[PDB]
file structure22.pdb (PDB, C-alpha atoms (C1' of nucleotides))
ATOM      1  CA  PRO A 244      30.479-212.243-149.514  1.00  0.00           C
ATOM      2  CA  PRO A 245      28.444-209.583-151.329  1.00  0.00           C
ATOM      3  CA  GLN A 246      29.558-211.086-154.656  1.00  0.00           C
ATOM      4  CA  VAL A 247      27.082-213.917-154.091  1.00  0.00           C
ATOM      5  CA  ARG A 248      24.363-211.344-153.260  1.00  0.00           C
ATOM      6  CA  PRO A 249      25.255-208.134-155.103  1.00  0.00           C
ATOM      7  CA  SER A 250      23.024-205.109-155.033  1.00  0.00           C
ATOM      8  CA  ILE A 251      21.621-203.523-158.195  1.00  0.00           C
ATOM      9  CA  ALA A 252      20.490-200.136-159.477  1.00  0.00           C
ATOM     10  CA  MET A 253      16.916-199.537-160.625  1.00  0.00           C
ATOM     11  CA  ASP A 254      16.701-195.889-161.772  1.00  0.00           C
ATOM     12  CA  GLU A 255      20.167-194.313-161.493  1.00  0.00           C
ATOM     13  CA  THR A 256      19.972-193.582-157.744  1.00  0.00           C
ATOM     14  CA  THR A 257      18.123-196.458-156.042  1.00  0.00           C
ATOM     15  CA  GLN A 258      19.256-199.860-154.826  1.00  0.00           C
ATOM     16  CA  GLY A 259      17.584-202.890-153.279  1.00  0.00           C
ATOM     17  CA  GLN A 260      19.568-205.677-151.665  1.00  0.00           C
ATOM     18  CA  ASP A 261      19.493-209.227-152.984  1.00  0.00           C
ATOM     19  CA  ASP A 262      17.169-211.776-151.407  1.00  0.00           C
ATOM     20  CA  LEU A 263      20.003-213.441-149.490  1.00  0.00           C
ATOM     21  CA  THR A 264      20.895-210.109-147.873  1.00  0.00           C
ATOM     22  CA  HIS A 265      17.380-209.413-146.609  1.00  0.00           C
ATOM     23  CA  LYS A 266      17.151-213.035-145.463  1.00  0.00           C
ATOM     24  CA  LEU A 267      20.366-212.638-143.462  1.00  0.00           C
ATOM     25  CA  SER A 268      18.985-209.418-141.986  1.00  0.00           C
ATOM     26  CA  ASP A 269      15.820-211.257-140.927  1.00  0.00           C
ATOM     27  CA  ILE A 270      17.974-213.986-139.372  1.00  0.00           C
ATOM     28  CA  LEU A 271      19.923-211.338-137.448  1.00  0.00           C
ATOM     29  CA  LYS A 272      16.682-209.796-136.164  1.00  0.00           C
ATOM     30  CA  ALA A 273      15.546-213.258-135.051  1.00  0.00           C
ATOM     31  CA  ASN A 274      18.886-213.871-133.317  1.00  0.00           C
ATOM     32  CA  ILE A 275      18.709-210.612-131.384  1.00  0.00           C
ATOM     33  CA  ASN A 276      15.108-211.324-130.377  1.00  0.00           C
ATOM     34  CA  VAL A 277      16.321-214.691-129.063  1.00  0.00           C
ATOM     35  CA  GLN A 278      18.977-212.803-127.086  1.00  0.00           C
ATOM     36  CA  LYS A 279      16.168-210.656-125.557  1.00  0.00           C
ATOM     37  CA  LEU A 280      14.434-213.617-123.860  1.00  0.00           C
ATOM     38  CA  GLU A 281      17.147-215.432-121.892  1.00  0.00           C
ATOM     39  CA  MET A 282      17.973-212.043-120.345  1.00  0.00           C
ATOM     40  CA  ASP A 283      14.574-211.256-118.789  1.00  0.00           C
ATOM     41  CA  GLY A 284      11.050-212.548-118.259  1.00  0.00           C
ATOM     42  CA  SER A 285      10.069-215.231-120.764  1.00  0.00           C
ATOM     43  CA  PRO A 286       7.021-217.342-119.830  1.00  0.00           C
ATOM     44  CA  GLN A 287       8.005-220.297-122.020  1.00  0.00           C
ATOM     45  CA  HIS A 288       5.522-219.341-124.757  1.00  0.00           C
ATOM     46  CA  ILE A 289       7.879-216.737-126.202  1.00  0.00           C
ATOM     47  CA  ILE A 290      11.163-218.689-126.051  1.00  0.00           C
ATOM     48  CA  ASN A 291       9.739-221.475-128.212  1.00  0.00           C
TER      49      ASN A 291
ATOM     50  CA  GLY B1075      17.153-212.963-219.712  1.00  0.00           C
ATOM     51  CA  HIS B1076      20.838-213.798-220.078  1.00  0.00           C
ATOM     52  CA  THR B1077      20.676-215.133-223.640  1.00  0.00           C
ATOM     53  CA  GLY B1078      17.258-214.265-225.091  1.00  0.00           C
ATOM     54  CA  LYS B1079      16.917-217.891-226.157  1.00  0.00           C
ATOM     55  CA  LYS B1080      13.524-219.451-225.561  1.00  0.00           C
ATOM     56  CA  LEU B1081      13.202-221.676-222.528  1.00  0.00           C
ATOM     57  CA  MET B1082      12.573-225.313-223.381  1.00  0.00           C
ATOM     58  CA  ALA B1083       9.877-225.415-220.685  1.00  0.00           C
ATOM     59  CA  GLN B1084       6.979-223.002-220.298  1.00  0.00           C
ATOM     60  CA  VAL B1085       6.640-220.982-217.115  1.00  0.00           C
ATOM     61  CA  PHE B1086       3.577-220.540-214.913  1.00  0.00           C
ATOM     62  CA  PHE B1087       3.210-216.781-214.908  1.00  0.00           C
ATOM     63  CA  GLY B1088       0.882-214.182-213.427  1.00  0.00           C
ATOM     64  CA  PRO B1089       0.043-211.837-210.558  1.00  0.00           C
ATOM     65  CA  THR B1090      -0.156-212.983-206.949  1.00  0.00           C
ATOM     66  CA  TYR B1091      -0.820-211.056-203.725  1.00  0.00           C
ATOM     67  CA  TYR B1092       2.265-211.157-201.505  1.00  0.00           C
ATOM     68  CA  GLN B1093       2.842-209.862-197.976  1.00  0.00           C
ATOM     69  CA  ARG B1094       5.746-208.074-196.278  1.00  0.00           C
ATOM     70  CA  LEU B1095       6.238-209.782-192.932  1.00  0.00           C
ATOM     71  CA  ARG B1096       7.695-208.067-189.876  1.00  0.00           C
ATOM     72  CA  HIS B1097      10.748-210.354-189.751  1.00  0.00           C
ATOM     73  CA  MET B1098      13.610-208.440-191.354  1.00  0.00           C
ATOM     74  CA  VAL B1099      17.198-209.652-191.388  1.00  0.00           C
ATOM     75  CA  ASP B1100      18.422-206.260-190.164  1.00  0.00           C
ATOM     76  CA  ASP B1101      16.333-206.765-187.015  1.00  0.00           C
ATOM     77  CA  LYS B1102      17.994-210.137-186.371  1.00  0.00           C
ATOM     78  CA  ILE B1103      21.624-209.932-187.456  1.00  0.00           C
ATOM     79  CA  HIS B1104      23.751-209.865-184.314  1.00  0.00           C
ATOM     80  CA  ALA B1105      27.426-210.433-183.614  1.00  0.00           C
ATOM     81  CA  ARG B1106      29.403-210.074-180.401  1.00  0.00           C
ATOM     82  CA  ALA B1107      33.149-210.088-179.832  1.00  0.00           C
ATOM     83  CA  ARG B1108      33.305-208.832-176.243  1.00  0.00           C
ATOM     84  CA  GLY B1109      30.808-206.833-174.259  1.00  0.00           C
ATOM     85  CA  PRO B1110      28.902-206.355-171.026  1.00  0.00           C
ATOM     86  CA  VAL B1111      28.652-209.262-168.611  1.00  0.00           C
ATOM     87  CA  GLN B1112      26.179-210.034-165.862  1.00  0.00           C
ATOM     88  CA  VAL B1113      26.894-208.730-162.381  1.00  0.00           C
ATOM     89  CA  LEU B1114      26.208-212.023-160.605  1.00  0.00           C
ATOM     90  CA  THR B1115      27.619-214.661-162.955  1.00  0.00           C
ATOM     91  CA  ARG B1116      30.075-212.492-164.948  1.00  0.00           C
ATOM     92  CA  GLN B1117      28.828-214.276-168.106  1.00  0.00           C
ATOM     93  CA  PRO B1118      27.769-212.547-171.332  1.00  0.00           C
ATOM     94  CA  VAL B1119      24.452-210.740-170.950  1.00  0.00           C
ATOM     95  CA  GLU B1120      21.279-211.941-172.680  1.00  0.00           C
ATOM     96  CA  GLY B1121      19.784-210.055-175.588  1.00  0.00           C
ATOM     97  CA  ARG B1122      20.405-208.739-179.084  1.00  0.00           C
ATOM     98  CA  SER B1123      19.425-205.263-177.891  1.00  0.00           C
ATOM     99  CA  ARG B1124      21.799-205.568-174.927  1.00  0.00           C
ATOM    100  CA  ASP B1125      24.703-206.816-177.099  1.00  0.00           C
TER     101      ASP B1125
ATOM    102  CA  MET C   1      23.625-202.140-193.490  1.00  0.00           C
ATOM    103  CA  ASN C   2      25.548-204.683-195.562  1.00  0.00           C
ATOM    104  CA  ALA C   3      24.245-203.585-198.969  1.00  0.00           C
ATOM    105  CA  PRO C   4      27.036-202.371-201.282  1.00  0.00           C
ATOM    106  CA  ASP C   5      26.537-199.359-203.501  1.00  0.00           C
ATOM    107  CA  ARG C   6      24.522-199.673-206.715  1.00  0.00           C
ATOM    108  CA  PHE C   7      27.167-197.723-208.665  1.00  0.00           C
ATOM    109  CA  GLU C   8      30.030-200.185-208.080  1.00  0.00           C
ATOM    110  CA  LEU C   9      28.524-202.159-210.983  1.00  0.00           C
ATOM    111  CA  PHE C  10      29.899-199.681-213.534  1.00  0.00           C
ATOM    112  CA  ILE C  11      32.312-197.224-211.875  1.00  0.00           C
ATOM    113  CA  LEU C  12      35.819-198.624-212.382  1.00  0.00           C
ATOM    114  CA  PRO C  13      38.124-198.013-209.403  1.00  0.00           C
ATOM    115  CA  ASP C  14      41.596-196.664-210.046  1.00  0.00           C
ATOM    116  CA  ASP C  15      43.333-199.755-208.613  1.00  0.00           C
ATOM    117  CA  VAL C  16      41.143-202.249-210.524  1.00  0.00           C
ATOM    118  CA  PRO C  17      41.898-202.934-214.211  1.00  0.00           C
ATOM    119  CA  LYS C  18      39.084-203.348-216.702  1.00  0.00           C
ATOM    120  CA  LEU C  19      40.686-206.473-218.163  1.00  0.00           C
ATOM    121  CA  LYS C  20      43.243-209.060-217.027  1.00  0.00           C
ATOM    122  CA  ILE C  21      44.667-211.902-219.131  1.00  0.00           C
ATOM    123  CA  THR C  22      46.196-215.128-217.801  1.00  0.00           C
ATOM    124  CA  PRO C  23      47.083-218.230-219.829  1.00  0.00           C
ATOM    125  CA  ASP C  24      45.540-221.659-219.398  1.00  0.00           C
ATOM    126  CA  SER C  25      48.559-223.975-219.402  1.00  0.00           C
ATOM    127  CA  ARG C  26      46.604-227.252-219.520  1.00  0.00           C
ATOM    128  CA  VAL C  27      45.716-226.955-223.216  1.00  0.00           C
ATOM    129  CA  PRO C  28      47.886-225.275-225.873  1.00  0.00           C
ATOM    130  CA  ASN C  29      47.287-221.702-226.988  1.00  0.00           C
ATOM    131  CA  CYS C  30      44.460-220.828-224.581  1.00  0.00           C
ATOM    132  CA  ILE C  31      43.878-217.802-222.351  1.00  0.00           C
ATOM    133  CA  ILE C  32      41.596-216.849-219.470  1.00  0.00           C
ATOM    134  CA  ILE C  33      40.189-213.315-219.453  1.00  0.00           C
ATOM    135  CA  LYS C  34      38.414-211.771-216.480  1.00  0.00           C
ATOM    136  CA  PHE C  35      36.183-208.817-217.325  1.00  0.00           C
ATOM    137  CA  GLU C  36      35.507-206.696-214.271  1.00  0.00           C
ATOM    138  CA  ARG C  37      32.328-204.622-213.980  1.00  0.00           C
ATOM    139  CA  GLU C  38      30.550-206.303-216.912  1.00  0.00           C
ATOM    140  CA  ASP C  39      27.696-208.789-217.164  1.00  0.00           C
ATOM    141  CA  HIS C  40      25.843-211.040-219.610  1.00  0.00           C
ATOM    142  CA  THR C  41      25.283-208.202-222.094  1.00  0.00           C
ATOM    143  CA  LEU C  42      28.879-208.103-223.318  1.00  0.00           C
ATOM    144  CA  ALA C  43      29.654-211.728-222.471  1.00  0.00           C
ATOM    145  CA  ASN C  44      26.935-213.389-224.554  1.00  0.00           C
ATOM    146  CA  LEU C  45      27.513-211.053-227.496  1.00  0.00           C
ATOM    147  CA  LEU C  46      31.237-211.813-227.562  1.00  0.00           C
ATOM    148  CA  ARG C  47      30.743-215.541-226.974  1.00  0.00           C
ATOM    149  CA  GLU C  48      28.278-216.081-229.806  1.00  0.00           C
ATOM    150  CA  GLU C  49      30.378-213.907-232.121  1.00  0.00           C
ATOM    151  CA  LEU C  50      33.580-215.839-231.384  1.00  0.00           C
ATOM    152  CA  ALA C  51      31.906-219.261-231.510  1.00  0.00           C
ATOM    153  CA  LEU C  52      31.325-218.945-235.271  1.00  0.00           C
ATOM    154  CA  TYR C  53      34.946-218.477-236.322  1.00  0.00           C
ATOM    155  CA  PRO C  54      36.760-221.454-237.878  1.00  0.00           C
ATOM    156  CA  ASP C  55      39.980-220.785-235.961  1.00  0.00           C
ATOM    157  CA  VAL C  56      38.328-220.620-232.527  1.00  0.00           C
ATOM    158  CA  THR C  57      38.252-224.062-230.925  1.00  0.00           C
ATOM    159  CA  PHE C  58      37.020-223.189-227.437  1.00  0.00           C
ATOM    160  CA  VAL C  59      35.138-220.142-226.125  1.00  0.00           C
ATOM    161  CA  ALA C  60      32.956-219.918-223.019  1.00  0.00           C
ATOM    162  CA  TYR C  61      32.036-217.590-220.192  1.00  0.00           C
ATOM    163  CA  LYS C  62      30.548-217.681-216.724  1.00  0.00           C
ATOM    164  CA  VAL C  63      29.457-215.313-213.985  1.00  0.00           C
ATOM    165  CA  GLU C  64      30.601-217.222-210.925  1.00  0.00           C
ATOM    166  CA  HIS C  65      28.365-215.267-208.568  1.00  0.00           C
ATOM    167  CA  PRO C  66      25.363-213.051-209.416  1.00  0.00           C
ATOM    168  CA  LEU C  67      26.157-210.731-206.500  1.00  0.00           C
ATOM    169  CA  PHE C  68      29.495-209.775-208.084  1.00  0.00           C
ATOM    170  CA  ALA C  69      29.559-207.888-211.381  1.00  0.00           C
ATOM    171  CA  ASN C  70      32.162-209.693-213.451  1.00  0.00           C
ATOM    172  CA  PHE C  71      32.568-212.645-215.759  1.00  0.00           C
ATOM    173  CA  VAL C  72      35.451-214.885-216.785  1.00  0.00           C
ATOM    174  CA  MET C  73      35.991-216.182-220.309  1.00  0.00           C
ATOM    175  CA  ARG C  74      38.042-219.124-221.593  1.00  0.00           C
ATOM    176  CA  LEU C  75      39.110-218.917-225.226  1.00  0.00           C
ATOM    177  CA  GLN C  76      41.284-221.336-227.191  1.00  0.00           C
ATOM    178  CA  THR C  77      42.387-221.086-230.810  1.00  0.00           C
ATOM    179  CA  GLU C  78      44.343-223.120-233.334  1.00  0.00           C
ATOM    180  CA  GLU C  79      48.132-223.234-233.607  1.00  0.00           C
ATOM    181  CA  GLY C  80      48.821-220.271-235.893  1.00  0.00           C
ATOM    182  CA  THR C  81      46.116-217.963-234.556  1.00  0.00           C
ATOM    183  CA  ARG C  82      46.307-216.139-231.198  1.00  0.00           C
ATOM    184  CA  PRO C  83      43.134-215.863-229.092  1.00  0.00           C
ATOM    185  CA  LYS C  84      43.760-212.143-228.492  1.00  0.00           C
ATOM    186  CA  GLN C  85      43.770-211.279-232.200  1.00  0.00           C
ATOM    187  CA  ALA C  86      40.575-213.302-232.647  1.00  0.00           C
ATOM    188  CA  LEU C  87      39.077-211.346-229.749  1.00  0.00           C
ATOM    189  CA  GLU C  88      39.844-208.017-231.398  1.00  0.00           C
ATOM    190  CA  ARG C  89      38.524-209.417-234.682  1.00  0.00           C
ATOM    191  CA  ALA C  90      35.221-210.375-233.039  1.00  0.00           C
ATOM    192  CA  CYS C  91      34.930-206.981-231.329  1.00  0.00           C
ATOM    193  CA  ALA C  92      35.555-205.148-234.602  1.00  0.00           C
ATOM    194  CA  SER C  93      33.058-207.351-236.429  1.00  0.00           C
ATOM    195  CA  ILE C  94      30.313-206.644-233.894  1.00  0.00           C
ATOM    196  CA  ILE C  95      31.123-202.919-234.056  1.00  0.00           C
ATOM    197  CA  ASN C  96      30.780-202.931-237.844  1.00  0.00           C
ATOM    198  CA  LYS C  97      27.532-204.890-237.667  1.00  0.00           C
ATOM    199  CA  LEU C  98      26.121-202.410-235.158  1.00  0.00           C
ATOM    200  CA  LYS C  99      27.169-199.468-237.356  1.00  0.00           C
ATOM    201  CA  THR C 100      25.411-200.973-240.367  1.00  0.00           C
ATOM    202  CA  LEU C 101      22.372-201.703-238.202  1.00  0.00           C
ATOM    203  CA  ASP C 102      22.287-198.095-236.982  1.00  0.00           C
ATOM    204  CA  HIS C 103      22.623-196.672-240.495  1.00  0.00           C
ATOM    205  CA  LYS C 104      19.799-198.843-241.794  1.00  0.00           C
ATOM    206  CA  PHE C 105      17.567-198.019-238.834  1.00  0.00           C
ATOM    207  CA  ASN C 106      18.072-194.280-239.337  1.00  0.00           C
ATOM    208  CA  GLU C 107      17.345-194.468-243.067  1.00  0.00           C
ATOM    209  CA  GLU C 108      14.243-196.588-242.406  1.00  0.00           C
ATOM    210  CA  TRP C 109      13.026-194.166-239.728  1.00  0.00           C
ATOM    211  CA  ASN C 110      13.471-191.229-242.105  1.00  0.00           C
ATOM    212  CA  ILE C 111      11.604-193.089-244.861  1.00  0.00           C
ATOM    213  CA  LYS C 112       8.760-193.873-242.449  1.00  0.00           C
ATOM    214  CA  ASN C 113       8.098-190.134-242.083  1.00  0.00           C
TER     215      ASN C 113
ATOM    216  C1'   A D   1      37.263-194.876-169.275  1.00  0.00           C
ATOM    217  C1'   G D   2      32.209-197.440-166.994  1.00  0.00           C
ATOM    218  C1'   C D   3      24.815-199.095-170.494  1.00  0.00           C
ATOM    219  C1'   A D   4      20.096-203.091-163.433  1.00  0.00           C
ATOM    220  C1'   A D   5      17.068-206.950-161.920  1.00  0.00           C
ATOM    221  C1'   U D   6      12.876-209.862-161.674  1.00  0.00           C
ATOM    222  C1'   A D   7       8.267-211.384-163.702  1.00  0.00           C
ATOM    223  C1'   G D   8       4.245-211.821-167.142  1.00  0.00           C
ATOM    224  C1'   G D   9       2.533-211.659-172.223  1.00  0.00           C
ATOM    225  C1'   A D  10       3.000-212.086-177.517  1.00  0.00           C
ATOM    226  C1'   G D  11       5.864-214.115-181.184  1.00  0.00           C
ATOM    227  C1'   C D  12      10.372-216.921-184.693  1.00  0.00           C
ATOM    228  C1'   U D  13      12.437-221.765-186.464  1.00  0.00           C
ATOM    229  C1'   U D  14      12.336-226.791-185.747  1.00  0.00           C
TER     230        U D  14
END
call {"tool": "encode", "arguments": {"input": "structure22.pdb", "output": "structure tokens"}}
result
Amino acid sequence: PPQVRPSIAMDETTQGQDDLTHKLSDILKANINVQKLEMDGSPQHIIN
Amino acid sequence: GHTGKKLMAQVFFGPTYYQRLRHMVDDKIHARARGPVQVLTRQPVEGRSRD
Amino acid sequence: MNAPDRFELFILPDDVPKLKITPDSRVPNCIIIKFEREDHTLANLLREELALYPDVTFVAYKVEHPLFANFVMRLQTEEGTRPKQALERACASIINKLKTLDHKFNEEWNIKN
RNA sequence: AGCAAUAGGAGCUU
């Protein structure tokens, strides 16, 4: 939940997500890129 | 000073150069009953200035 | 930020008496007096005046804390005498001595001119 | 009826 990775406020209008949130976003990007290889051409040096 | 009677012992007496250091009690005295907590841990915050 | 006012030494509140007398029951014919808003100036004067009377058996004073402007005095007397009357007697005696001292100082100062 | 985080630096008392 976001409780474990709460956002914060820097100068009254700005917010950056916690490290865990950006890490989960990077994992999601990686997952979708994986799901873009077993659907089309993938010469075995991109799947790995 | 209280009685004006002489002291039985003599007192080492004279001028000496003393210094006023930056550590004042009024810059250190802190108490907290209840106050702001941290967002993540919900535990009391850290700092005299932050209560 | 915690410093009390420098005028509470001498300004008597309206709810605080100047003087309060309680008896010491342990020994016969003894009383405990607490003087509020006074210090060593009155205490030592009264103590050394009272200590020289024949009928005064015990007299003493203390200032329990220097940060509080009061003192407490224990005074015992013999069977017939009451410590209160001896206290007024000592006060009157010091007043008379001070009056004589003042008169002699003024005459001496005039003569010095 | 609500006052960010992370770092570095200098210090206090042992």
call {"tool": "interface_residues", "arguments": {"input": "structure22.pdb", "of": "chain A", "to": "chain D", "cutoff": "7 Å", "atoms": "only C-alpha atoms (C1' of nucleotides)", "output": "CSV table (one decimal) with C-alpha atoms, in the frame of the given file"}}
result
chain,number,residue,atom,x,y,z
A,251,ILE,CA,21.6,-203.5,-158.2
A,252,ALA,CA,20.5,-200.1,-159.5
A,253,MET,CA,16.9,-199.5,-160.6
call {"tool": "atom_distance", "arguments": {"input": "structure22.pdb", "atom1": "atom CA of residue 96 of chain C", "atom2": "atom CA of residue 54 of chain C"}}
result
19.5 Å
call {"tool": "interface_residues", "arguments": {"input": "structure22.pdb", "of": "chain C", "to": "chain B", "cutoff": "12 Å", "atoms": "all atoms listed in the file", "output": "list in words"}}
result
residues 1, 2, 3, 39, 40, 41, 42, 43, 44, 45, 46, 47, 48, 61, 62, 63 and 66 of chain C
call {"tool": "resolve_selection", "arguments": {"input": "structure22.pdb", "expression": "the PyMOL selection byres ((chain B) within 9 of (chain A))", "output": "VMD selection string"}}
result
chain B and resid 1113 to 1115
call {"tool": "atom_distance", "arguments": {"input": "structure22.pdb", "atom1": "atom CA of residue 21 of chain C", "atom2": "atom CA of residue 53 of chain C"}}
result
20.8 Å
call {"tool": "atom_distance", "arguments": {"input": "structure22.pdb", "atom1": "atom CA of residue 70 of chain C", "atom2": "atom CA of residue 37 of chain C"}}
result
5.1 Å
call {"tool": "resolve_selection", "arguments": {"input": "structure22.pdb", "expression": "the PyMOL selection byres ((chain A and resi 264) around 10)", "output": "ChimeraX atom specification"}}
result
/A:244-245,247-250,259-263,265-270
call {"tool": "write_last_selection", "arguments": {"input": "structure22.pdb", "atoms": "C-alpha atoms", "output": "mmCIF file, in the coordinates of the input"}}
result
data_model
loop_
_atom_site.group_PDB
_atom_site.id
_atom_site.type_symbol
_atom_site.label_atom_id
_atom_site.label_comp_id
_atom_site.auth_asym_id
_atom_site.auth_seq_id
_atom_site.Cartn_x
_atom_site.Cartn_y
_atom_site.Cartn_z
ATOM 1 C CA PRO A 244 30.479 -212.243 -149.514
ATOM 2 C CA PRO A 245 28.444 -209.583 -151.329
ATOM 3 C CA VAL A 247 27.082 -213.917 -154.091
ATOM 4 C CA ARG A 248 24.363 -211.344 -153.260
ATOM 5 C CA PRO A 249 25.255 -208.134 -155.103
ATOM 6 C CA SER A 250 23.024 -205.109 -155.033
ATOM 7 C CA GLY A 259 17.584 -202.890 -153.279
ATOM 8 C CA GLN A 260 19.568 -205.677 -151.665
ATOM 9 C CA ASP A 261 19.493 -209.227 -152.984
ATOM 10 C CA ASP A 262 17.169 -211.776 -151.407
ATOM 11 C CA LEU A 263 20.003 -213.441 -149.490
ATOM 12 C CA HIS A 265 17.380 -209.413 -146.609
ATOM 13 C CA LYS A 266 17.151 -213.035 -145.463
ATOM 14 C CA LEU A 267 20.366 -212.638 -143.462
ATOM 15 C CA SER A 268 18.985 -209.418 -141.986
ATOM 16 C CA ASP A 269 15.820 -211.257 -140.927
ATOM 17 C CA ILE A 270 17.974 -213.986 -139.372
#
call {"tool": "resolve_selection", "arguments": {"input": "structure22.pdb", "expression": "the PyMOL selection byres ((chain B) within 10 of (chain D))", "output": "JSON, numbers by chain"}}
result
{"B": [1097, 1110, 1112, 1113, 1124]}
call {"tool": "residues_around", "arguments": {"input": "structure22.pdb", "residues": "residue 89 of chain C", "least_positions_apart": "6", "cutoff": "12 Å", "atoms": "all atoms listed in the file", "output": "ChimeraX atom specification"}}
result
/C:46,49-50,52-53,55-56,81-83,95-96
call {"tool": "axis_aligned_box", "arguments": {"input": "structure22.pdb", "around": "segment 69-80 of chain C", "padding_each_side": "4 Å", "output": "JSON"}}
result
{"center_x": 39.2, "center_y": -215.6, "center_z": -223.6, "size_x": 27.3, "size_y": 23.3, "size_z": 32.5}
call {"tool": "residues_around", "arguments": {"input": "structure22.pdb", "residues": "residue 74 of chain C", "least_positions_apart": "2", "cutoff": "9 Å", "atoms": "all atoms listed in the file", "output": "PyMOL selection string"}}
result
chain C and resi 24+30-34+58-61+72+76
call {"tool": "decode", "arguments": {"input": "structure22.pdb", "residues": "segment 52-63 of chain C", "atoms": "N, CA, C and O atoms", "output": "PDB file, in the first residue's frame"}}
result
ATOM      1  N   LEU C  52      20.753  36.835  73.279  1.00  0.00           N
ATOM      2  CA  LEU C  52      21.393  37.363  74.472  1.00  0.00           C
ATOM      3  C   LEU C  52      20.430  37.571  75.630  1.00  0.00           C
ATOM      4  O   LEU C  52      20.841  38.089  76.672  1.00  0.00           O
ATOM      5  N   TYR C  53      19.170  37.178  75.485  1.00  0.00           N
ATOM      6  CA  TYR C  53      18.256  37.300  76.615  1.00  0.00           C
ATOM      7  C   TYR C  53      18.347  36.080  77.527  1.00  0.00           C
ATOM      8  O   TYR C  53      18.517  34.957  77.046  1.00  0.00           O
ATOM      9  N   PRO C  54      18.248  36.290  78.842  1.00  0.00           N
ATOM     10  CA  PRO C  54      18.283  35.148  79.767  1.00  0.00           C
ATOM     11  C   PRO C  54      17.122  34.189  79.584  1.00  0.00           C
ATOM     12  O   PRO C  54      17.300  32.977  79.751  1.00  0.00           O
ATOM     13  N   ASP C  55      15.940  34.691  79.240  1.00  0.00           N
ATOM     14  CA  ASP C  55      14.743  33.865  79.196  1.00  0.00           C
ATOM     15  C   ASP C  55      14.558  33.155  77.868  1.00  0.00           C
ATOM     16  O   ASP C  55      13.612  32.377  77.728  1.00  0.00           O
ATOM     17  N   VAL C  56      15.426  33.397  76.894  1.00  0.00           N
ATOM     18  CA  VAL C  56      15.350  32.721  75.609  1.00  0.00           C
ATOM     19  C   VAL C  56      16.294  31.533  75.657  1.00  0.00           C
ATOM     20  O   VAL C  56      17.507  31.697  75.829  1.00  0.00           O
ATOM     21  N   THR C  57      15.736  30.334  75.502  1.00  0.00           N
ATOM     22  CA  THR C  57      16.520  29.109  75.549  1.00  0.00           C
ATOM     23  C   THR C  57      16.930  28.622  74.170  1.00  0.00           C
ATOM     24  O   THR C  57      18.043  28.114  74.007  1.00  0.00           O
ATOM     25  N   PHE C  58      16.068  28.772  73.168  1.00  0.00           N
ATOM     26  CA  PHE C  58      16.444  28.404  71.814  1.00  0.00           C
ATOM     27  C   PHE C  58      15.966  29.483  70.854  1.00  0.00           C
ATOM     28  O   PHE C  58      14.839  29.968  70.971  1.00  0.00           O
ATOM     29  N   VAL C  59      16.831  29.859  69.916  1.00  0.00           N
ATOM     30  CA  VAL C  59      16.503  30.756  68.811  1.00  0.00           C
ATOM     31  C   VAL C  59      17.423  30.419  67.643  1.00  0.00           C
ATOM     32  O   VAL C  59      18.636  30.270  67.815  1.00  0.00           O
ATOM     33  N   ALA C  60      16.851  30.313  66.448  1.00  0.00           N
ATOM     34  CA  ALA C  60      17.622  29.967  65.264  1.00  0.00           C
ATOM     35  C   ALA C  60      16.810  30.340  64.038  1.00  0.00           C
ATOM     36  O   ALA C  60      15.600  30.543  64.116  1.00  0.00           O
ATOM     37  N   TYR C  61      17.490  30.418  62.899  1.00  0.00           N
ATOM     38  CA  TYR C  61      16.803  30.707  61.653  1.00  0.00           C
ATOM     39  C   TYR C  61      17.498  29.987  60.513  1.00  0.00           C
ATOM     40  O   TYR C  61      18.666  29.605  60.616  1.00  0.00           O
ATOM     41  N   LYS C  62      16.763  29.801  59.420  1.00  0.00           N
ATOM     42  CA  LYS C  62      17.366  29.290  58.200  1.00  0.00           C
ATOM     43  C   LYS C  62      16.597  29.810  57.000  1.00  0.00           C
ATOM     44  O   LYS C  62      15.413  30.138  57.086  1.00  0.00           O
ATOM     45  N   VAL C  63      17.291  29.866  55.876  1.00  0.00           N
ATOM     46  CA  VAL C  63      16.699  30.154  54.579  1.00  0.00           C
ATOM     47  C   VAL C  63      16.831  28.858  53.787  1.00  0.00           C
ATOM     48  O   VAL C  63      17.902  28.515  53.278  1.00  0.00           O
TER      49      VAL C  63
END
